[PDB]
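Take a look at the structure below.
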Amino acid sequence: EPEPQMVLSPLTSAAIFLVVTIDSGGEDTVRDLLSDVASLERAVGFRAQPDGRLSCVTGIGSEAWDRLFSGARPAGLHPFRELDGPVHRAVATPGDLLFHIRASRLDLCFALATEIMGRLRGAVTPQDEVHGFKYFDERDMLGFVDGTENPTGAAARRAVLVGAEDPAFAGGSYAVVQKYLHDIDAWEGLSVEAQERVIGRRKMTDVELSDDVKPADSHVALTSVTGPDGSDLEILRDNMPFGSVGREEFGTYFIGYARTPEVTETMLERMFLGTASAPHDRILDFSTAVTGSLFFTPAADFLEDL
Amino acid sequence: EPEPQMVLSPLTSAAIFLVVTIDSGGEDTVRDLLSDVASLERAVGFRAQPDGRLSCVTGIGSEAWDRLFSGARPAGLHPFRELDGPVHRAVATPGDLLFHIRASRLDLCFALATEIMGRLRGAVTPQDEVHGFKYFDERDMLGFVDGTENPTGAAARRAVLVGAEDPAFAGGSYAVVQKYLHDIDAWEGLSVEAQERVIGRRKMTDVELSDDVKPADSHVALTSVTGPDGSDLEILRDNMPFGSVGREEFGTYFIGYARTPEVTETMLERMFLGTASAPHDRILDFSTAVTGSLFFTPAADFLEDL
Amino acid sequence: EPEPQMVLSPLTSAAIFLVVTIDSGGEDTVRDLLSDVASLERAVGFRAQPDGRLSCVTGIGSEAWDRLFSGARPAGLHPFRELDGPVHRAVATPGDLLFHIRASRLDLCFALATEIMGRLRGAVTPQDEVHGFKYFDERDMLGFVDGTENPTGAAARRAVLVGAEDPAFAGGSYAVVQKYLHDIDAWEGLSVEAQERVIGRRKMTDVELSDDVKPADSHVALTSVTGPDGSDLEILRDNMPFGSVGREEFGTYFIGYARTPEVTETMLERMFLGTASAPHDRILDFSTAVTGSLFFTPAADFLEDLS
Amino acid sequence: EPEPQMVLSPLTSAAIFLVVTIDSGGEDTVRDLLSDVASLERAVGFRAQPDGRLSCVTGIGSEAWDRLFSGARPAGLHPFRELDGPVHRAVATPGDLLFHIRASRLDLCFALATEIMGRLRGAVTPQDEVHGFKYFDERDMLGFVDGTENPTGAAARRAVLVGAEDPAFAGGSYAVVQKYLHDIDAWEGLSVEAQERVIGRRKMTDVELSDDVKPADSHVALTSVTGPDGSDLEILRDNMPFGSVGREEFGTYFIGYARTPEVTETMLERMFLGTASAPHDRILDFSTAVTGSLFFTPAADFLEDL
Amino acid sequence: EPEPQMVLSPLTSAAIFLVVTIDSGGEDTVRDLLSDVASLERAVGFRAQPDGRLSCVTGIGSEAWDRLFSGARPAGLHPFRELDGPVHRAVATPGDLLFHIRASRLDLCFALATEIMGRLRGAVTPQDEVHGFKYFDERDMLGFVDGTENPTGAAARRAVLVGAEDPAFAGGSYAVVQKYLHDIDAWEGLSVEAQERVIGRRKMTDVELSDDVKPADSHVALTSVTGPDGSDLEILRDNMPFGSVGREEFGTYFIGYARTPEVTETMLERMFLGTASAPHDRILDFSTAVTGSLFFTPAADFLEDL
Amino acid sequence: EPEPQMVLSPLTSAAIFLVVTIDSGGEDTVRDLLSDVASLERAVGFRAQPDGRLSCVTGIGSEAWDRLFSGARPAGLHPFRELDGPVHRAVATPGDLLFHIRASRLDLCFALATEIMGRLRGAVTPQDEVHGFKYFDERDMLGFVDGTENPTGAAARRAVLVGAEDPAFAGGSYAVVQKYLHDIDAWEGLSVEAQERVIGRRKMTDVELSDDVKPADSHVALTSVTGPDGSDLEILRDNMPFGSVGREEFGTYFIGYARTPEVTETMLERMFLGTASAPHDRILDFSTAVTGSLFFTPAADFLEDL
Ligand code: HEM
Ligand code: HEM
Ligand code: HEM
Ligand code: HEM
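See the structure below:
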């Protein structure tokens, strides 16, 4: 019955990520923006309804939920954990509102972001405004196909949508965002076989490496987590490449939706802290998480009732 | 006989404007890059040939030409003139190499720019990188359709391509680049009729205003320059919007190609210094020029012979 | 009977509205066509099936229903009410059968209409035939974006499809059709701010005006109807621009699908008769309704299995 | 060289034909419009530049040419000849101005026609306008593929544009406009083989019938005129299906461009009056001409220089 | 609840049919491929996600089911019946594994087939490989529109998906595959009306012939089977044209999905053996069946759990 | 003045290569087909001409020219020269007529080939028929991008169209066709760096290797022929991947157009016989030539005058 936000939509060719902090006394402005965001998205996106698939997902951080709403907090909504392994660390950056805008053209995303920021001209403060674009075969900046094993259909619904465990917030999701900056020089220093061993998949054919050859510290092996029931826990992640050529900045904005934050937290702990058979993820040797945050994206019905 | 660059192409949806300055001792690397920029463009763009429309235009500033080539300089190639008008001024900023990359997708432009700057590591210091996107209705940040009256066909090449006036540099062109930052807050405070009077075109229908009603200080009226023999002086403009909603940065990157810089300089003088019947252009009351430069784009044959 | 006649399909770029009336003795061939309309639509559309998205919706008027079928009538399905306000009027032109054809290309719609009328030749009288096309940003003849606030997903299904209130006719809908001829000269005589105040949304960015500034007599304000339980009533509408510049004729064909006709009747009454705080809709000052009719679009299986 | 109009354009999905008669005293309005038709077309069609492919062609009748322009007349521009055949006839209807608008979507053509008629309010009387649409395989309403043997490339330029025979009007063309109402019942009453014999080509594969079995009175055979020197005489046709289902009106709007009207006049005479081996064209047994006119489409610079 | 193998996917423009026979001792490799086929399809098809629509359907023959799996068998699974009609005979050919690959481009299908065969190298013998391409308007080699009356929506699910009748194998389907070679010259010898009477539909308009004129031995009149309870028995068919001009070979590869094989068996018996009012199907006079097999396509969950 | 036979057309997604041998006494039928091939191509293509891009190129072998035409012969026409290298051989196969059909869909190519072969039924013997498909990323079966360095525009016209050196046959070209079978099993055993060194270009980004480190026996370094006057000899080649997974056949059909066969013969001699610094091309260690022929594709007007 509850209507989830557009989190199950397929990834498009253009996206904008807005991580924004809320200034003191701007709670009412944020409330009315959350009420009107669906109408704003519809108005901006209907001008190109046949093609463009404009979709805005709004999430609220743990530190802002108790300041905006006086009801019951969603279960598991907590500030992003600080993971500091022996070598790499995951830093948590301030963030209260997440606006994830996706469309086939950057113009629609820019217009929607402009409208949203205009409605919040003097009540908030931007933190991590980022534009992201796709490549030829949906590749990332590391040259590998990204998001191949994303759950689809009913599997995605079971993986990312909150069910009867939190009846008051059915249809919501937990989104973990993390901006990484790559080291392209070191990555290009390695051979293609070394890159495949680091990732765990073939670079050209995208065929997953055989289990008897896949290294224990590869990114794919460490992110493959199986729960107590024997089924593999999965999340609907949508990485977006980004960067500026002049500043020699290349990176990836990872966003991951789940029905509970525990799956993403376990994946991050395995990647950073490492398992018994692997000190840490190999992909972290060439990628540093410059920012990280956690948000809760509620159902559209909850947002429309403010 | 000479082969001009891709300066005569339809305005694509995505573009990257790179302006860089050559450091000391980097002339040899710049020459090496210019000797194979066409090959790099072909290699990057052939991967998506039918849908993609990748095209890179390379231009050399007046300062860089003396230190790069020992031959005769192109006629009219001079450092960008700075106009100190009574109210507005056109600032001239350093720049020695311009790469104007255009494609239907931002990924191709980003890959080409990455390859170029990787070839130019250490040799040049980046000065201005702009990622321009084109709206669904190829409108400006002011909401007006841009490039409607661009010359096309034989008129375009007769207006932008150097002919027999400079036989040694036939097929080249002069490109004036200028970055404008718009004051959207003040622009939105004007009625649609006021905006149309400022621009000189109808906002929705894009129909030019009548001669008896068009204001003398409108942008279209001031940029319409008649030649000494009754002909109309024309330039090719590929200005595109750009900006980021995080910093309240909304702007337009203007690039203009001509046979000689005299036409563009006259248009700029009319816009900034004004006319006897108009103190200055009205569009400058809402746009501020923060970067201006002039470059010469030679024929592909000239670049391939280095 | 869960089988709607594709009335939830998104708006396409080309459409044909065909309202006809059946003369005496034509009740037999019309029945034969109604059992073949789906097959004809499939046969015409499958050629362009990858992107043709051809869809035909058939509706039966109040008189035509009890003229053709001898079963129980659907709840409602009254002849279209004629509203005669202090200034504007809503005429109720005769109409028995409505064919709403939608496709990305006009050729598919024209072929389907040609086949339908060839099967119907000699037994119907064409009351109205309108070819509608879509502008750039789904604009209407007034220059505003049309259909922005259309319900989508499960909300549209709950808003247009008949539920358990009429179990015998589940999956159907009630379609109200009207033809408006705009006064383009008067509309262009107004400033853009005046046009936005008349409509209720910004012309450029399609963002609707704030509550404290939106006029009480604007079209959007008057068509925003709140139900007795606080839930706003919604309908699915596909307004198609049409006209010919030779006759200086410009207009919009409005079609509205609802679960019950009462919602559309209330919206029309508020637009024409007006409320206490607004004499009538402002958009009616530049639009004149030349036709008007109400039809019931039954479920696909009901048309296939006549009774 | 003179710049030709948009006559040399490919067949397009949507078209509008607008034939009007200039009222008394409305010469000045038409004259000032003709200098603005190119600007109006550019303004309207630029909004959909990548795919709109909007193009407007303007033609002037003989009486309209006499009333408007006081210069020399083109070699053609005689009032459309009315052929009184033994069975069929080609009526000549009044017409002074022809606007042929072509675009991929009918909205562009409608907007351009609206602009033109608004500029022509109170000065012209619309004789008739036709909204033409293309079927699946560019077919006509008779079920056959239309325009298969149209000239292309330099051959079309030689057979359409006016050359050195009339140097003062180089780049123009002569357009013959006719409106045919088909008898679909009689056409459908014929077998497919009979229809192919009527037309002269196979309906299925669209291949031409072999010359030993093609009937002498077939449409293809009769409109295959051989020049005095043995060179084939050809014209460019852009037939547009049209009709209204409610009125049971089905028909084709034929427009034919030539470098001289005599080619189209000879084709029409062969079709209607017939040859020695054929009383008349067979396709005329199912098509009735209800509107005929002849116009001259001048070069773009001629219209601009007014 | 169980997820099918996307047997309800819309018809695409390119397909590959691969029928192979498992060699002795190759059961383990076949099981591994059946486990990894979903991952292989996801990896190959993700490179072109928006377009392409790559989908692979895997079916196991009756002779191979008892060799690969143990414990239970589908109720309807059995070796394909051979029909020895008075004139036409439907031959049964050895087939153990069926791979039906569909995509908008043949390259994706070829890559998927290459991966599958490489995984199966040394374990299976390729009995048949067919590359089918969609014709002009979904026509077949006979020129008639193919697939017009396929069930869609919930009707297709009720017609092709196994329900509560076989709970252990819910979500599966039964696929009957045949390869017909056409006598194109003899078919073209017939008139268009004769062809329509043989098929039962209009050649151009695809309108079904009236019941008063439709021949009793036409293809449509013979494949229209009414159920015992007055319902209509329906199957999902994807007929793919194929052939080579060098060998003068043209044909259609027919695949039919059903919830039970009884419907397809009844249709084949009516087509070949014929009813009381028709000796056999008329289309069989111009088509010869050179291949026939029956396979069971289980739910994706069953294939994954191996 | 002469019209080229659509040789300069851009590469499409689907192609059909037909090589046939004229039987004794079938010269008249071949002449009739050569006369009617343009009409057949137009008739087949105009159904999908908005985006079909169908184009048929016809070439006549050296032996067939002496039989079909009794006039003068093109200077460069001669039977294909078989090269017997130390380890590799270029076999010459009997081929009299070449039909190279290109279109965005295999449907148009198959229809055109069917019509052509039907007109040639009983007159020619089909020696070879290849259905070539083009990968999603313009790659070949070796995983590298093909045709990156193909000449375009004026350079291509100068390089592939014969001019004043043979005025009687101006507008024609010489096409060399070869059928290659690849050893994918051995090719995949090499590292990506080894594959790049064999080819001579980067596999990922298609960037040509630097002048140093580039092997002297690489394919690119061996097909880069410098003319006597310091210019680079270039040909327009359209390699098409092809094969079947059932027979484990993978290969590339190479077709190369030139203004004279000397350039292609020199390239083949360098690849097979080898230079002083390279025994032979490395790519030949994984590709075997099973077919080789040379044809002369004349101008369209030459074929239309039969
Ligand atoms: C710079 C950071 C990252 C990059 C470039 C990256 C890229 C990739 C790539 C190329 C793959 C293989 C392709 C595919 O499976 O679709 C993959 C797999 C995956 N990654 Fe990431 N990833 C990053 C960070 C993360 C993080 C932070 C998480 C979780 C917290 C994550 C979770 C996963 C999962 C669940 C899979 C699929 C595992 C499987 O298929 O068994 N990734 N990633
Ligand atoms: C006569 C000419 C009409 C025109 C040009 C027109 C056009 C429009 C436009 C531009 C809007 C605002 C944009 C949008 O909501 O998508 C709108 C809103 C709407 N109109 Fe109309 N309309 C017309 C007549 C009608 C009629 C006759 C009805 C009902 C009987 C109706 C019902 C509505 C509704 C329900 C809305 C939604 C407003 C909201 O959800 O806040 N309109 N219409
Ligand atoms: C009145 C209804 C007409 C219809 C339905 C029609 C349609 C056709 C068709 C289907 C063809 C064969 C396919 C093709 O050539 O593309 C054709 C050929 C042709 N028609 Fe028409 N046409 C009509 C009138 C005319 C008129 C009035 C003229 C000239 C005054 C004309 C001139 C030609 C020419 C020149 C050809 C090509 C001849 C050739 O290829 O040798 N047609 N027409
Ligand atoms: C037999 C299998 C062949 C394959 C797979 C193949 C593929 C390639 C590839 C990948 C390239 C580099 C990328 C590109 O130029 O687009 C290339 C270059 C080239 N190849 Fe081939 N080729 C083959 C045979 C031939 C033959 C037989 C010839 C001539 C008789 C030839 C002539 C050329 C030429 C002229 C170039 C351009 C190199 C340059 O301009 O620097 N190739 N080929």
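Chains as they are written, first to last, in the entry's author numbering: chain C, 7 to 312; chain A, 7 to 312; chain D, 7 to 313; chain F, 7 to 312; chain B, 7 to 312; chain E, 7 to 312. C-beta atoms are modelled at their ideal positions from N, C-alpha and C, and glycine is treated no differently.
Problem - For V213(B), the first and last residue of its enclosing alpha helix (DSSP H) - result: Counting along the chain, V213(B) falls outside any alpha helix (DSSP H), and DSSP gives it neither H nor E.
Problem - Of the listed residues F86(A), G101(A), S30(A) and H225(A), nearest to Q133(A) (C-alpha basis) - result: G101(A)
Practice task
Measure from the C-beta of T120(F) to each C-beta in chain D and report whether the shortest distance is under 9 Å.
Solution key: yes
Handout entry: Limits of the beta strand (DSSP E) - the one that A98(D) falls within
Key = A98(D) -> no beta strand (DSSP E), and no H or E assigned at all.
Practice task
For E275(B), return the contacting residues in chain D, with the cut-off set at a CB-CB distance below 9 Å.
Solution key: By Cβ distance, chain D contributes nothing, its closest Cβ being about 26 Å from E275(B), past 9 Å.
Exercise for the section: Output the distance between the C-alpha atoms of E47(A) and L60(A), rounded to the nearest integer angstrom. Expected result: 7 Å
Problem - Span of the beta strand (DSSP E) around residue 6(C) - result: The shown model of chain C, from 7 to 312, leaves out residue 6(C), and the question about it has no answer.
Handout entry: C-beta neighbour in chain D for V198(A), strict 9 Å
Key = yes
Problem - 9 Å Cβ cutoff, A78(B) in contact with chain C - result: no
Practice task
Let me know the alpha helix (DSSP H) ranges lying completely inside the region 183 to 265 of chain F, each 4 residues or longer, listed in chain order.
Solution key: 190 to 195, 198 to 205 and 225 to 228
Exercise for the section: Return helix, strand or coil for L74(E), following the three-state DSSP convention. Expected result: helix
Problem - Cutoff 8 Å; reference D72(C); Cβ partners in own chain excluding five residues on either side - result: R79
Practice task
Report the three-state DSSP secondary structure of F292(D) (helix, strand or coil).
Solution key: helix
Exercise for the section: Have a look at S216(A), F75(A) and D146(A) and flag the residue whose alpha-carbon is nearest the alpha-carbon of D38(A). Expected result: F75(A)
Practice task
Report whether the distance from the Cβ of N156(E) to the nearest heavy atom of ligand 4 is below 8 Å.
Solution key: yes
Practice task
Apply the 10 Å Cβ neighbour rule to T154(C) and answer buried if 16 or more other Cβ atoms are within range, or exposed otherwise.
Solution key: buried
Problem - Where the alpha helix (DSSP H) through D113(B) begins and ends - result: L112 to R125
Handout entry: Contact test: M147(D) Cβ vs ligand 2 heavy atom, cutoff 8 Å
Key = yes
Handout entry: Per-residue burial, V25(B) [other beta carbons within 10 Å of its own, 16 or more giving buried]
Key = buried
Handout entry: Exposure of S197(C), with buried meaning 16 or more beta-carbon neighbours within 10 Å
Key = exposed
Problem - Contacts that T154(C) makes with chain B (C-beta to C-beta distance below 7 Å) - result: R48, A49 and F52
Practice task
Give the secondary structure of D90(B) by DSSP, where H, G and I count as helix, E and B as strand, and everything else as coil.
Solution key: strand
Practice task
Compute the minimum distance between the beta carbon of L74(D) and the heavy atoms of ligand 1, and state whether it is under 8 Å.
Solution key: no
Problem - the region 54 to 74 of chain D: positions lying closer than 7 Å to chain B by Cβ - result: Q55
Exercise for the section: With DSSP as the reference, label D42(E) as helix, strand or coil. Expected result: helix
Practice task
For chain D, find out if any of its Cβ atoms is closer than 9 Å to the Cβ of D143(B); answer yes or no.
Solution key: yes
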